[PDB]
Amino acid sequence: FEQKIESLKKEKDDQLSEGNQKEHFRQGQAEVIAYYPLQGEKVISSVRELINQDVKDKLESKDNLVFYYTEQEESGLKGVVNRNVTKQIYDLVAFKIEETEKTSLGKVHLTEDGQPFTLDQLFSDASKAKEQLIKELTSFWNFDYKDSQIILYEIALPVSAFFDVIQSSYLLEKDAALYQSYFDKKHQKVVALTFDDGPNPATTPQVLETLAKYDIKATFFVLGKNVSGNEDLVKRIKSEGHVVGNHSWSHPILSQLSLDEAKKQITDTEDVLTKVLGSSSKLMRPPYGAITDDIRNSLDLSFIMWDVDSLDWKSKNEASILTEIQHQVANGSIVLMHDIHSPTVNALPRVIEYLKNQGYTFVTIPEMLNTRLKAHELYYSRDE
């Protein structure tokens, strides 16, 4: 019995003496031996703390011999390494030596100099990161990092989903390439002009002439009620290469109607657009941006909001319209305008010129969202 215990102790020293500091103590009836890793000439504090925590709370051991030790592993993040902690318990009261180990009892992320690396350091702003985590979390802090995914305690979350607030400097070659793709797309200078509440026979034709003059396309979210009597004009919008979307039949606050009456405001418009145009873009913009999860979840359409309100409907002033666009438009913006009043008709040329002068490419909503478009989903911009 004594010789067998001596053999286990010799084996562990042969295996782990180098690069570790060995602590030995009796805790009740249990005999504990812990090998703490050294970073340089000093014990990695957070690893010892993790082990001490186990000793205090779990541990428990009646008559046993308990070993703790670690191994360094890459973390999958640049300049960060992991210390995996193993705990092994030997039962010697038995005729035969029994043992059980937990290979990854715990784990600590560390900087190359042995200091703690916490999940908040992976971001340029923890507050927001926490927020996005919460989301992708809810839909689907001790963590791991593997194959381009963040793993919490397990739930594997793509690292991609937090690129907006991540400290990309921590990404290795592969993830750095993925980030480059994200960055390049994020910085593509595209904008989608959108026009609501039409068609209006007295203003829409002028808007179409102006878009044609400037060689750009737009997306028109039309009211079902305005289609009757203006069928040729709606066909004209589509023949000029613009995308026609659904703005409800008569512009009520959809969230204040019963579910089926709201759905029908939408489907009646899909029906008349399909009858006149032969097809639907399956894009729907709620009047006033008012919508509910139930409505969205009830229809196979993508709901298109906006991130830039030109306020043309409020200001009714060309100079104001241009100023709002100049200050608000961003990469991937969806601009809300109305092709039913003259101020917008008049301001359109200077708005287009300004944006072209700043290097923007004008795109339709389908061009902007292309692969991101899914039924039931809400979209405020290319990325939000």
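Note that residue numbering follows the sequence shown and begins at 1.
- According to the record, 4 to 9 deposited residues between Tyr153 and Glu154 are left without atomic coordinates.
- Unmodelled residues of the deposited sequence between neighbouring positions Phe140 and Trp141 number 10 or more.
- If you average the C-alpha B-factors over 39-47 and over 326-334, the higher value belongs to 39-47.
- The mean Cα B-factor in the deposited entry runs higher for 28-36 than for the other of 351-359 and 28-36.
- Take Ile89, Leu283, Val93, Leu311 and read off each C-alpha B-factor from the entry; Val93 has the highest.
- The entry lists C-alpha B-factors for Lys189, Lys213, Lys174, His242, and the highest of these is at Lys174.
- In the PDB entry, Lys102 places in the highest third of its chain by CA B-factor.
- When the CA B factors of the chain's modelled residues are split into thirds, the value for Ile266 lands in the lowest one.
- Per the PDB record, residue ranking by Cα B-factor puts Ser124 in the highest third of the chain.
- Ranked by Cα temperature factor within the chain, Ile321 sits in the lowest third according to the deposited record.
- When all modelled residues of the chain are sorted by CA temperature factor, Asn82 is found within the middle third.
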